[PDB]
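Basis for what follows: all heavy atoms, side chains included, without hydrogens, waters or symmetry-related copies. Throughout, a chain's letter reflects where its sequence line sits, starting with A, and its residues are numbered from 1.
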Amino acid sequence: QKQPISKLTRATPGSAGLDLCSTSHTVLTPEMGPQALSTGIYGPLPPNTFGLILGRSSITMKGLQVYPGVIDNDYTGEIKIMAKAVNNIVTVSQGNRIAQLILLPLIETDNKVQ
Amino acid sequence: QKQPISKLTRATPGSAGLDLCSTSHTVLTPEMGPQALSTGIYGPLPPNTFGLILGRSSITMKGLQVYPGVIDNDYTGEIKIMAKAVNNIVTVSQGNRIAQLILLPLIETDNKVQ
Amino acid sequence: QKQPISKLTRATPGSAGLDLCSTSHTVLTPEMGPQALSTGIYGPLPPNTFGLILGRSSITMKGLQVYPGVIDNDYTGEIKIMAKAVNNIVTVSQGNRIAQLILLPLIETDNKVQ
Ligand SMILES: O=c1ccn([C@H]2C[C@H](O)[C@@H](COP(=O)(O)NP(=O)(O)OP(=O)(O)O)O2)c(=O)[nH]1
Ligand SMILES: O=c1ccn([C@H]2C[C@H](O)[C@@H](COP(=O)(O)NP(=O)(O)OP(=O)(O)O)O2)c(=O)[nH]1
Ligand SMILES: O=c1ccn([C@H]2C[C@H](O)[C@@H](COP(=O)(O)NP(=O)(O)OP(=O)(O)O)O2)c(=O)[nH]1
Ligand SMILES: [Mg+2]
Ligand SMILES: [Mg+2]
Ligand SMILES: [Mg+2]
């Protein structure tokens, strides 16, 4: 790191999302509420796109919720995964794929930038 | 079934989502955590698109959470709805519209497919 | 009000979302489950677009969950924010930015509109 999103990989050619792994081992319990998991991946995103961070279905089904996150086109910070253990104690091992980044078109509008 | 996504219907012409129903009667309690509800609808999706499964607002407000799900362009499995009773006991009757499929453009990138 | 979405503002030029504030002071507890917060902003959306309502990351991290909401292209009602206190008591002050509206392309399909 810092590593750009061009280093992320897709599971398969037809996968919508780019996979995201935590760089740490983390244990989460329901009483902890939302935690921001480090990925060591950084924006910004390709021109005219923004990002959505979503959970992987297999991880959601194992009781780890990823709250959808919006990554702005010009965000240059670290992409973090906002996560919560739903019901039980969840253990995230270093390098496990926990979420996915989806890229979507950024529509321009005349909304004021105030 | 198997039924393709072309069999899904929109509530109205201007509806973003295609409605999804469970093919079973299911009761959900908060302690159960995430459950994958059968729809009997199968991918794949139209060329150059991927799917997002989201909750219907009326169903969310009645205490059933649908976790956002990504449906890859070339997924040929059954589209399932990942769902949780938030606070109370929720009963899903066979044929009730529980979620919606939204289609979005699949942006191509040079990310490796490893 | 009624106020149209053209009155919403972006945090910065590169922000994907248009910010949404509640027009009321609201306290939320976990046992309350989902609440629909008033914004005094109304659809409809620009041609060929639909909307997604998502949480702001800073608000999610402070324990207020926004359930993703789909806003249809031709929705002319009030845009409400579906929200839940995750673990703790959350207080929403009048005018605090609580969610964001993202605009996305509405793909046309031949799905029946029944
Ligand atoms: O899961 C997420 C969500 C957002 N982020 C980063 C990227 C995004 O561009 C940035 C700001 O996100 P939001 O607009 O959702 N957050 P907020 O409204 O609290 O911050 P700001 O006022 O800077 O826009 O936070 C993540 O790293 N992970
Ligand atoms: O709500 C959902 C989410 C995903 N799915 C299916 C369709 C999608 O293409 C497939 C894989 O989804 P994810 O990439 O989110 N899951 P995961 O990363 O666990 O599986 P894989 O390693 O196969 O990519 O699972 C559903 O049926 N419902
Ligand atoms: O967060 C949200 C979600 C939806 N809505 C409004 C806008 C949208 O067009 C409308 C209908 O949303 P859904 O299709 O998700 N709800 P549902 O399927 O329950 O209603 P309908 O049968 O009218 O389509 O509700 C909001 O105001 N906030
Ligand atoms: Mg995957
Ligand atoms: Mg609907
Ligand atoms: Mg913001």
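Distance CG/B/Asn48 to CG/B/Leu104: 13.0 Å, rounded to 0.5 Å. With values rounded to the nearest 0.5 angstrom, B/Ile102 atom CD1 is found 11.0 Å from B/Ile71 atom CD1. Between the CG atom in B/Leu37 and the OG atom in B/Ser24 there is a gap of 8.5 Å [rounded to 0.5 Å]. Atom CG of residue A/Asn88 and atom OG1 of residue A/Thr29 lie 11.0 Å apart, to the nearest 0.5 angstrom. Interatomic distance, CD1 of A/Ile5 versus CG of A/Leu103, reported as 5.0 Å (0.5 Å rounding). Atom CG of C/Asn96 is separated from atom OG of C/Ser58 by 10.0 Å, given to the nearest 0.5 angstrom.
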Report task. Under the side-chain contact (heavy atoms from CB on, under 4.5 Å) rule, what do A/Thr49 and B/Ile107 come out as? Steps first, then yes or no, please. Result -> CA-CA 9 Å; A/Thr49 77; B/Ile107 288 166; 4.2 Å; yes
Report task. Any chance you could lay out the side chain to side chain donor-acceptor pair (under 3.5 Å) test for A/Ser57 and A/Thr60, step after step, and finish with the verdict? Result -> CA-CA 5 Å; A/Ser57 71; A/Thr60 300; over 6 Å; no
Query raised in the report: Checking side-chain contact (heavy atoms from CB on, under 4.5 Å) for the pair B/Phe50/B/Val70: CA distance, chi angles, key distance, verdict?
Result: CA-CA 7 Å; B/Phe50 75 98; B/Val70 177; 4.2 Å; yes
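No donor-acceptor distance shorter than 3.5 angstrom exists from the side chain of A/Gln100 to the backbone of A/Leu54, with no hydrogens or angles considered. A donor-acceptor pair under 3.5 Å is formed between the side chain of A/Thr39 and the backbone N or O of A/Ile41. In this structure, the side chain of B/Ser38 does not engage the main chain of B/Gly40 through any donor-acceptor pair within 3.5 Å.
Evaluation of the side-chain contact (heavy atoms from CB on, under 4.5 Å) rule for A/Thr76 yields A/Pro44 as partners, not counting sequence neighbours. Residues that satisfy the side-chain contact (heavy atoms from CB on, under 4.5 Å) test with A/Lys84, not counting sequence neighbours, are A/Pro30, A/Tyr67, C/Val86, C/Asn87.
Considering every non-hydrogen atom in both B/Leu45 and B/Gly51, the closest pair reads CD1-N, 3.2 Å. The shortest non-hydrogen separation linking C/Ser22 to C/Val92 is CB-CG1, 4.1 Å. Here the closest non-hydrogen pair linking B/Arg10 and B/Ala16 is NH1-O, 3.1 Å. Shown here for B/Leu64 and B/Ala83, the closest heavy-atom pair between the two residues is CD1-CB, 4.0 Å. The nearest pair of heavy atoms linking B/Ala85 to B/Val90 is CB-CG2, 3.9 Å. Scanning all heavy atoms of the two residues, the minimum distance from B/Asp74 to A/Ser15 falls at OD1-N, 4.4 Å.
For the pair B/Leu8/B/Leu20, a side-chain contact is recorded, criterion being any heavy-atom separation below 4.5 Å from C-beta on. Counting heavy atoms from C-beta outward, C/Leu28 and C/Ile89 have side chains that stay 4.5 Å or more apart. Between A/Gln65 and B/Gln65 the shortest side-chain heavy-atom distance falls below 4.5 Å. Here the side chains of C/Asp19 and C/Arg56 are in contact, with some heavy-atom distance below 4.5 Å.
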